[PDB]
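# A closer look at the structure
Chain by chain, the residues:
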Amino acid sequence: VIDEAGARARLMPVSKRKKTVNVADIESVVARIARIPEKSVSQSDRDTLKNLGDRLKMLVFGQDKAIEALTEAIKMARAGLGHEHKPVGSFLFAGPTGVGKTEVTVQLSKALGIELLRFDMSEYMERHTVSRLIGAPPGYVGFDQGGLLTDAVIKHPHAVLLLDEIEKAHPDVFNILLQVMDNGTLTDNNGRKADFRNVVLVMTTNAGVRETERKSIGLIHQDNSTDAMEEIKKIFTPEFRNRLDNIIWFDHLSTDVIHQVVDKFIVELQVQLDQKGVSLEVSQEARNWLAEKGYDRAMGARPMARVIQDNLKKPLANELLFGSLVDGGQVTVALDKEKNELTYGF
Amino acid sequence: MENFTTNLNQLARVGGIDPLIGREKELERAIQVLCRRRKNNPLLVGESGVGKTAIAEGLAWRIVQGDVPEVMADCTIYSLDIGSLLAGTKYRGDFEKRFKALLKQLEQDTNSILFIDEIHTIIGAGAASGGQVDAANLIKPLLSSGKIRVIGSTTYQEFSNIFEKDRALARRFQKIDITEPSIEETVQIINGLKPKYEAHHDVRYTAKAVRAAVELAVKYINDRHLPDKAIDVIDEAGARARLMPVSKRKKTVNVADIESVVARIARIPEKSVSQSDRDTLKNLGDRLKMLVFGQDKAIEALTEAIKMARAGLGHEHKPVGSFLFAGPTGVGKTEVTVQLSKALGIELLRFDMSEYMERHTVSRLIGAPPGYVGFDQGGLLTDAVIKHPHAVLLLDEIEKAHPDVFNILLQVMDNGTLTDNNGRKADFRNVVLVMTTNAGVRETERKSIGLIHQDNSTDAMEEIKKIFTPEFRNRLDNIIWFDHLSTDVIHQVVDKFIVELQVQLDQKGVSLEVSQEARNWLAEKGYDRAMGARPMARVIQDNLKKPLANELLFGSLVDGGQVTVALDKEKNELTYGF
Amino acid sequence: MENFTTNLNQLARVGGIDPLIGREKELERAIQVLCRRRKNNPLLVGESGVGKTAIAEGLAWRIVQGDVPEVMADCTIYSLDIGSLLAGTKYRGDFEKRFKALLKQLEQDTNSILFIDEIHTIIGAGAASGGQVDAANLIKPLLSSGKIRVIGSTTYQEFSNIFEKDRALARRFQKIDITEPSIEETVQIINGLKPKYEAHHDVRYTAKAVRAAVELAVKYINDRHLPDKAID
Amino acid sequence: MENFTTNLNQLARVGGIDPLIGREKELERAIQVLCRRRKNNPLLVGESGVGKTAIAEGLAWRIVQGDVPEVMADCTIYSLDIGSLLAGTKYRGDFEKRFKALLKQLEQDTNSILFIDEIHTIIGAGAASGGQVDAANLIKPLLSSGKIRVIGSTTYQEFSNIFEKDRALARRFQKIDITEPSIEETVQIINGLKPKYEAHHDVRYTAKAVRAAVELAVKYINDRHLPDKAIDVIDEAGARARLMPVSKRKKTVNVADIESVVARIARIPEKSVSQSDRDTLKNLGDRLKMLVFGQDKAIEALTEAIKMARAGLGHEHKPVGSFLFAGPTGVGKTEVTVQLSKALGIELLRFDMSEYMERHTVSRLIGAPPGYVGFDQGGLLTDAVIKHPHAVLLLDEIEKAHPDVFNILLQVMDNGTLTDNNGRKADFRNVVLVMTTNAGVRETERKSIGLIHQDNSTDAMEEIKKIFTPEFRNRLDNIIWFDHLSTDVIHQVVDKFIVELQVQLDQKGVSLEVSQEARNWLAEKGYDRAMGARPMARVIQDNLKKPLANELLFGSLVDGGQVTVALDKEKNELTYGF
Ligand SMILES: Nc1ncnc2c1ncn2[C@@H]1O[C@@H](COP(=O)(O)OP(=O)(O)OP(O)(O)=S)[C@H](O)[C@H]1O
Ligand SMILES: Nc1ncnc2c1ncn2[C@H]1O[C@@H](COP(=O)(O)OP(=O)(O)OP(O)(O)=S)[C@H](O)[C@H]1O
Ligand SMILES: Nc1ncnc2c1ncn2[C@H]1O[C@@H](COP(=O)(O)OP(=O)(O)OP(O)(O)=S)[C@H](O)[C@H]1O
Ligand SMILES: Nc1ncnc2c1ncn2[C@H]1O[C@H](COP(=O)(O)OP(=O)(O)O)[C@H](O)[C@H]1O
Ligand SMILES: Nc1ncnc2c1ncn2[C@H]1O[C@H](COP(=O)(O)OP(=O)(O)O)[C@H](O)[C@H]1O
């Protein structure tokens, strides 16, 4: 560190910035050697972080608390008040399907500009597949491959690590994460250590969903919101749970949210169309209609993509493929009142 | 060094090397390493095809062109040929001598840097025998003291497996990670390299062609670094155009040519869709309706998914489509899928789900983990998809597989990918996924008990809903429930089976005529709502084929003959003659 | 190269190589690759007995006959015998000397193309013992410069077991898929080649005999592909 | 090329080669292959003693005789003389020049054929290290062009490792399967050469002697194929008579001389070629009684069943027989099996079913494709019955076997064979299966409930019926009961042990008298109706040895001396010093 700080300082004179080497240069050099960010927190990155919480709200509607939990873990670590030897944070997202549990994670990695390391836990449903994360013991056939998890975390030390559908892994695989979540390290089959102190660990689950949606028998419907109290507790051993920062429950999407979701999907459609030289306008009435037609509390936002696929994309595909709406036109969608059917045009 | 190394400044001065574009911070750090008092030996480590070599040689180019700091000015970078260093060193002492002589000449230059590509290769430098002194251990002391400066180059895999073990050597080098460039950076790299391709291939490229090459490769080519990925598209497009003016079809390269080149790998062009392929798609619904009678809903679901995807109104990363076909037996559930693959001209990948009846059988689809027997055997699903990226994937009996296997599909249906036991990814974006089932059928065949026979007919869906978990079930494009076939359908079914027989007989030189009455008779004789269409094949084997088999096999009806069948209304039997 | 490589153009002139029947698409792609400025090294990947070798030979034949674009004019495609190249060494400098001499005699040309069958043999360092310095590590720097054009040949299974592991050698070759001809195509292949069977055997085959050989082989012979078994 | 290869037409022209006897289609197949335009090099695959060389010689013989197709047409098969190519020089310089000159002359010669005998031996270094290590590399391209037709020579196991090693040869040579001649063919080859053997040894062989050499060798030579061993028997009988003062008078070699000769190697037929094809066995009921005292009917039943099998009552695919031996331990069930195997002149193969109790061990025994022993164990059972085809197979305590063992045995009982993981098959047509089990008497060891205890004796045969399945029972030749021992038998057993003790004491020099009461007592005390005489080993091991061993070792006792042990009234060994 001293020799490099010197060599570096010696070139500051190319712009004639002759100087004494001080702590600030030492910190910059260590940070560069270890690939750990540190001084820029004082710069434009203050705004990158300051506005993170809001940029994500233009992508995921509702679920404000999930955004806050992620946002704060990051700010503390950047501020400097992090922990001494733990991942940036360890979260277990849970809730009904189609509500942004995996989407918010993806968008976070994009918002921050860092790699997303994504693993599917459904592929590790057997006990002996834990070896794919670590590597074979010496003397075995797959010995020269290395582990896939320890390997990914070494090439990309600052990253968001996403483990999807964690409840589907064989439960013994969860044991690997005890040392990761608590000590920041994992050792591969050659004795190398992966260092997780700079990554964000997000696990997502559907535990408890089938049960929470069940109807009770009796005159009074019961409140089945306490799935956390049974399924999460029964699946994850106490020592696992006691190492988490937060278990965050995603909600069902209410109507207001759905209206925002529909607007979001329409914009995505408009982009695909612009690339083909045509454009699409939609009446507000038509949107209110699509939103109401597609709305189903039981499946979150998932089905909204289908109401759009049948009411807007399909008609257009025929107009695009068979010559009606090709180069030279535009399409306007409006709703009548008589059948509540949609218009199209050129 | 006279016959071992190349003075790279020599290439820089004569245009022997392509220019280095960008990489300011990479070069910034490399210089700071070279400027250190001790162990001033940068090592470039990264993924293949990202410019590691390009940067190391790029520095010689910059020195020659005056694009370096005075510190570097007048330095010489030499590139070493290891094979030529060992060649011919028979007898102890020749290898040790050549190597020492080389180092001495470098030590006495004092203003030169030695560059070694595939630096991992010097790790077990030639070994005479039991003695382990090898190009490497001896070639140490100098790196430590600062007497010499070298630049290393290796991939992440070789680095970790090769030297990533010799600590004494590894500690003498400073590792610099060379990352893959961004899209904007890649475009700029192509723009500066472009004139070399323009000259080599006698071509010109439009601005749009260059942007298309970079972005299309990113979207469609999966196994390579993006820069090496964009360059490759441009060079192939160049070469494609170079081979046009052989018949003097001189032209420049535009987006349409880039698209054709990328499509060669992606397997679905975005342009042919506007040509005659418009009719291929236009008529798809009818080509299939002529083969599958009734069940228009299935035809439409499949047909529309394809058209949207070809139109460009796709799902970004999800499969072309994902459908569950459910219903009574003998109604064309697997039949329509097979015919779709034929109508489209693409491979049908078939997997029989009844063979994956236990939880652990999943390793058969994706591969055994490292260290276990069969590790290097493969993984059937990921290989089939990797080998044939544009295809129809059919999973028969989606309910006979052990339920845990459905969890593999969740990942595929939603993200378009599956990872094998070597970390490679199968890409399903150009796959049509069809799963078939008869799970809800038995439940609607159930008889009620009581004075007021209550209706059912909702049970088909309730049974399906309790089989597939909601996260699976809502991830499908649709569920198509198939019906039983009516007698109108049977009349059409009999006609297609007779035609198949006529073809089968034409091949033996015998034609066959059947009257309308004979057909109506078979249709009524064979129809059974309960078993769908399949049984009609049996009524035909006994009424038409068996009689013919004996006439054809033992000589009364031979090639050049004709045979005729009609119904004898008095007997309610078929006639035969020839 | 005197006892390592064969000039296939010379063989095509003498007799040598049979003409290709129906492989124009494979040839169009091989030319498209060789005509590139970098990584212009096609690799033919197939199954045994599908014309996988025949195609590379076929290109040399077509060059000799003037059935190629002038771009390929005067090119020579000599086949390399790895066995004779590696046999007869056992000293420290032998593999590095013999190989370099071979390369120099190809490097000196501008129109020389080297054809290496069993390409995957070279992978894994080939005949290399004691720590890297594999033929691969002599070759990579040349493929990168475009100094020597190499036509490879292997099978799908060997292709995935050796290549795409040593990734630097995977991105330096252009893969071409060589499929197995259909029954009708197999018949066309037999009939084009037929005069030499009749000449060797002093026999004449009927049209029915030829078609039957292909159809019968499909129905009853199940350990290989048609260009080998129907002919057999 | 007079010193590079042997002209085999010329060798056949000067005696050398006898006409081939048998394997005419092998000669024709080689011709059919030689006549091909590509991949036209025949390979003779055999082993020593089955005609692999004789066939190559036969091809040359046919050529010198003109017994060839005009499609040949005036060829000249030469045998590569690896010895002569190397001899006189021992260096690559001349071996290479001679070898290449050989090939050039052979390539140039019209229709020359090069036979390489023992082609699997030049795979290493040509004739020897220092010669043409690349001989194969020179041959590959000439075979590919068809310049020299080459006839190969390998063995059955050598082929799979020599030709399959390199496709440049595997795809050139055609495989011809060469197997041994039959009994009458072996006689024909002896008769073909008989005049030479008679001339060579100044002997005459009878027709019976020649047949006996063949007919008896197959029962005694075991491992090498018959064609040579029957000949070695003829040559040894001749040579022996010529050397010994026999042929000078007794020129004739009769069957008795053949029996003496086979016995010289096997040590069997001179005493046991065939004493009583029916009587040695009937005398076994009584011979067994000399060692096994009791179970008289069991041994008679076995004898009757064996006699019946020998009568030819059964089927050509079936085992000699199968028996279940039921009863208490310690009643000689194993003793009978051992004495039968000795008397019948066969090996005993043994397996303990309690070690085949679990599913995994079951596959190891069977040699199932997965889960077998080693790489070709296989198949512990298949191996045992391949090495010793006429053996008796003893399976102990069969009720403890895993059900999969039980079923493999039933499958063998039905078809006479067991297939190895390597596709090899065991032949059980000549073996006897003896199965044991100590279950039929365990029920009678129980004490009943009640104020009055009752007799819990049962029908052991019914217990066997409950334990075993009827499919199993219906395939047995019998179920034989081996009962408990009488007082005089346990005396015979105790005396056998006492005598061995005395033999050991005699070796030291001490005489031990055991009173009759002590002999009776030890027999009664050791014997336990449930375990029979099994425990007798310990009643003597400790009581008649420990007290004596100690005196000799302490030093009170010397090498000589007379000691008596009498049983006293308290049943206490009344020993004395000496
Ligand atoms: N910034 C750049 N400017 C110009 N060319 C670039 C730049 N970056 C990458 N390249 C291209 O990268 C070259 C291939 O370079 P490398 O990736 O360095 O080769 P490599 O390191 O040897 O790859 P291996 O052997 O497979 S690990 C292409 O020829 C260059 O055009
Ligand atoms: N509240 C939301 N606001 C904006 N977009 C949403 C929201 N919820 C879901 N999305 C979208 O996110 C994509 C689906 O991904 P996810 O919602 O994250 O699925 P999920 O919540 O992770 O539940 P699983 O994993 O499918 S069970 C689709 O584009 C939309 O459903
Ligand atoms: N509606 C139909 N129109 C035309 N051909 C049909 C129709 N239904 C069935 N077929 C034919 O397709 C086969 C039977 O239907 P399949 O689709 O193959 O069976 P399946 O529905 O896929 O599977 P199962 O076992 O019957 S549930 C026979 O070749 C024909 O009966
Ligand atoms: N289209 C063709 N035209 C002429 N000859 C062909 C053609 N296809 C294959 N061949 C020839 O190759 C065939 C066997 O395939 P080959 O390329 O030799 O397999 P491999 O590469 O694995 O050795 C026969 O040797 C011969 O018919
Ligand atoms: N005729 C005989 N009957 C029973 N046992 C005998 C006889 N002769 C010698 N023995 C001895 O054999 C016994 C062991 O018998 P064996 O059949 O081999 O095993 P197991 O006793 O467990 O059935 C004791 O060593 C001893 O009694």
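Residues numbered from 1 in each chain as written, not as in the entry; some residues may be left out. Chains lettered and ligands numbered in written order. Part of a larger assembly, values for the part shown. Heavy atoms only, no water.

By the method listed in its record, cryo-EM, this PDB entry was determined to a resolution of 3.1 Å.

The next subject is a nonpolar patch on the surface. All names here are of chain A. Where nonpolar side chains cluster on the molecular surface, the patch consists of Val1, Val30 and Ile33 and spans about 230 Å² of accessible area. Note on placement: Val1 falls in the segment before α1 (2–9). A relative accessible area of 45% places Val1 in the partly exposed class. (Patch = residues over 30% accessible without salt bridge, like charges linked within 9 Å, V, L, I, M, F, W, Y side chains within 5 Å. Areas by Shrake-Rupley, 256 points an atom, 1.4 Å probe, with all protein chains shown as cover. Salt bridge = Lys/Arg side-chain N within 4 Å of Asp/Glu carboxyl O. Helix = DSSP H or I, 4+ residues; strand = E, 2+ residues; numbered from the N terminus. Buried < 20%, exposed > 50% of the residue type's maximum accessible area, 1.4 Å probe, protein only.)

Looking now at the packing of aromatic side chains. By the definition in use, this model includes 19 aromatic pairs over all chains. Every member of this aromatic cluster is reached through a ring pair, and the members are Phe174, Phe236 and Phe240 of chain A. Lying across the ring of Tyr156 of chain C, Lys387 of chain B places its NZ or CZ 4.6 Å from the centre. (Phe/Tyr/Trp six-rings, centres within 6.5 Å; stacked < 30°, edge-to-face > 60°. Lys NZ or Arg CZ within 6 Å of the ring centre and 35° of its normal.)

Moving on, we get to the interface of chain A and chain B. A common measure of how large an interface is: the accessible area buried when the components associate. With 49 residues of chain A at the contact, the number on the chain B side is 56 residues. The contact between chain A and chain B buries some 5000 Å² in all, and 55% of this surface belongs to carbon and sulfur atoms. Joining chain A to chain B, the criterion identifies 4 salt bridges. Between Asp3 of chain A and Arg36 of chain B there is a salt bridge, with the nearest N and O atoms lying 3.0 Å from each other. Our enumeration of links across chain A and chain B arrives at 21 residue pairs in polar contact. Sorting the residues of the side of chain A that touches chain B by element identifies α1, α2 (23–34), β2 (115–120), α7 (131–134), α8 (148–155), α13 (255–274) and α15 (304–321) of chain A as the ones contributing at least two each. Partitioned by chemical class, the residues of the side of chain A that touches chain B number 16 nonpolar, 12 polar and 21 charged. (Contact = heavy atoms within 4.5 Å. Buried area = accessible area lost by both parts, 1.4 Å probe. Polar contact = N/O pair within 3.5 Å; in protein donor to acceptor, adjacent residues only side chain to side chain. Nonpolar A, V, L, I, M, F, W, Y, C, P; charged D, E, K, R; others polar.)

For the rest of this paragraph, the subject is the environment of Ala298 of chain A. Residue and element names in this part refer to chain A. Relative to the helices and strands, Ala298 resides in the loop between α14 (284–294) and α15. Classification of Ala298 as partly exposed rests on a relative accessible area of 47%. Considered as a pair, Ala298 and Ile248 are 50 residues apart in the sequence and their alpha carbons are 19 Å apart.

This part covers the site of ligand 4. Ligand 4 sits among 15 residues. The nearest are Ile21, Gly51, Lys52 and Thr53 of chain C together with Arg171 of chain D. At the site occupied by ligand 4, nearby residues are drawn from chains C and D. Between ligand 4 and the protein, one listed contact pairs an oxygen atom with a backbone N or O atom of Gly51 of chain C at 3.0 Å. The separation between an oxygen atom of ligand 4 and a polar side-chain atom of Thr53 of chain C is 2.6 Å. Coverage of ligand 4 by the protein amounts to 86% of the 570 Å² it exposes when considered alone. At the level of elements, α3 (52–65) and α10 (183–193) of chain C are the ones that each hand at least two residues to the shell around ligand 4. In terms of residue class, the shell around ligand 4 is made up of 8 nonpolar, 4 polar and 3 charged. (Near = heavy atom within 4 Å.)

As a further point, take the environment of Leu177 of chain A. All names here are of chain A. Inspection of the secondary structure puts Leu177 in helix α9 (residues 176–183). Classification of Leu177 as buried rests on a relative accessible area of 9%. Taking the C-alpha atoms as reference points, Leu177 and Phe240, separated by 63 residues in sequence, lie 8.0 Å from one another. The residues touching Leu177, leaving out its near neighbours within four places in the chain, are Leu163, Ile166, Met203 and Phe240.

Cis rather than trans, the peptide bond between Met72 of chain D and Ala73 of chain D has omega equal to -5 degrees. By secondary structure assignment, the location of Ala73 of chain D is in the loop between α3 (52–65) and β3 (76–80). Cis geometry marks the peptide bond from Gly378 of chain D to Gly379 of chain D; its omega dihedral reads 0 degrees. Secondary-structure assignment places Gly379 of chain D in the loop between α17 (359–366) and α18 (380–387). One non-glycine residue, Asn340 of chain A, lies in the positive phi region at around 65 degrees. Looking at the secondary structure, you find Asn340 of chain A in the segment after β9 (331–333). What makes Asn340 of chain A partly exposed here is its relative accessible area of 32%. With a phi close to 60 degrees, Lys248 of chain B is a non-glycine residue in the positive phi region. Within the secondary structure, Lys248 of chain B sits in the loop between α11 (226–242) and α12 (255–266). According to the relative accessible area criterion, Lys248 of chain B is exposed, its value standing at 66%.

Counting residues at the interface gives 7 residues for chain D, matched by 10 residues for chain C. Interface area for chain D against chain C, summed over the two sides, is near 830 Å², with a carbon-plus-sulfur share of 40%. The largest per-residue losses of area from chain D upon contact with chain C belong to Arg36, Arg37 and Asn137 of chain D, which jointly make up 58% of the total buried on that side. In this assembly, chain D and chain C are joined by 2 salt bridges. Run the count over chain D and chain C and you get 5 residue pairs in polar contact. Here the residues of the side of chain D that touches chain C sort into 1 nonpolar, 1 polar and 5 charged.

Before going further, it helps to spend a moment on the site of ligand 2. Close contacts around ligand 2 come from 17 residues, with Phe61, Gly100, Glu103 and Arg302 of chain A together with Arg475 of chain B the closest. Measuring from an oxygen atom of ligand 2, one finds a backbone N or O atom of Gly98 of chain A at 3.2 Å. At 2.5 Å, a side-chain N or O of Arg302 of chain A approaches an oxygen atom of ligand 2. If ligand 2 stood free it would expose 630 Å²; the protein chains cover 90% of that surface. When grouped by side-chain class, the residues that make up the shell around ligand 2 number 6 nonpolar, 5 polar and 6 charged. The residue makeup of the shell around ligand 2 includes at least three contributed by each of domain 1 (44–249) and domain 2 (255–343) of chain A. (Domains from an automatic or database assignment.)

For the rest of this paragraph, the subject is helix α6 (residues 135–145) of chain D. Spacing of three or four residues puts side chains on the same side of an α-helix, whose turn is 3.6 residues. Those residues of α6 of chain D not exposed but buried are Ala135, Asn137, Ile139, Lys140, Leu142 and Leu143 of chain D. Looking at the buried residues of α6 of chain D, the elements they touch are α4 (82–86) of chain C together with β2 (41–46), α5 (92–108), β5 (149–155), α8 (167–170) and β6 (173–177) of chain D. The positive-phi residue at the C-terminal boundary of α6 of chain D is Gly146 of chain D, with phi of around 80 degrees.

To continue, consider the sheet that holds strand β10 (residues 348–352) of chain D. All names here are of chain D. Taking strand neighbours across the sheet as the criterion, the 5 strands line up as β10-β11-β14-β9-β15 in an open arrangement whose pairing is parallel. Looking at which strands have only one partner, the edges of the open sheet turn out to be β10 and β15 (478–481). The mean inter-strand angle of the sheet, taken between neighbouring strand axes irrespective of direction, is 20 degrees. The pairing of strand β11 (residues 392–396) with strand β14 (residues 432–437) spans 4 bridges and is parallel. By the bridge assignment, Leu394 is partnered in β14 with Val434. Across the sheet, α18 touches β10 and β11, and the angle it forms with β10 is around 170 degrees. (Pairing = 2+ DSSP bridges. Axes fitted to C-alpha atoms, helices over the stretch in contact; angles between N-to-C directions.)

Residue and element names in this part refer to chain A. When the domains of chain A are assigned, the result is domain 1 (44–249) and domain 2 (255–343). The C-alpha centroid of domain 2 is placed 35 Å from the C-alpha centroid of domain 1. Every contact between the two is made by 6 residues of domain 1 and, on the other side, 8 residues of domain 2. Here domain 1 and domain 2 share an interface that buries about 550 Å² over both sides, 56% of which is from carbon and sulfur atoms. At the boundary of domain 1 with domain 2, the tally comes to 0 salt bridges. Where domain 1 meets domain 2, there are 2 residue pairs in polar contact. Among the residues forming the side of domain 1 that touches domain 2, the class breakdown is 3 nonpolar, 3 polar and no charged.

In this assembly 3 pairs of chains touch, with chains A and B having more contacts than any other pair. With respect to C-alpha atoms, chain A approaches chain C no nearer than 10 Å, and the pair has no contact. Structurally, chain B and chain D remain out of contact, their C-alpha atoms never closer than 12 Å.

A few words on the pairing of β11 of chain D. All names here are of chain D. For β11, the buried fraction is high: 5 of the 5 residues fall into the buried class. The sheet contact formed by β10 and β11 spans 5 bridges and is parallel. Bridged to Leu348 within β11 is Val392.

Here the focus is helix α2 (residues 24–34) of chain D. Residue and element names in this part refer to chain D. Those residues of α2 that fall on the buried side of the exposure criterion are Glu26, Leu27, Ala30, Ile31, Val33 and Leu34. Seen from one end, α2 has its buried residues packed into an arc of 165 degrees, which puts them on one side. Counted as exposed and oriented over 90 degrees from the buried face of α2: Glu24 and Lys25. Tucked into the core, α2 has its buried residues touching β2, α3, β4 (112–115), β5 and β6. (Arc of directions from axis to C-beta.)

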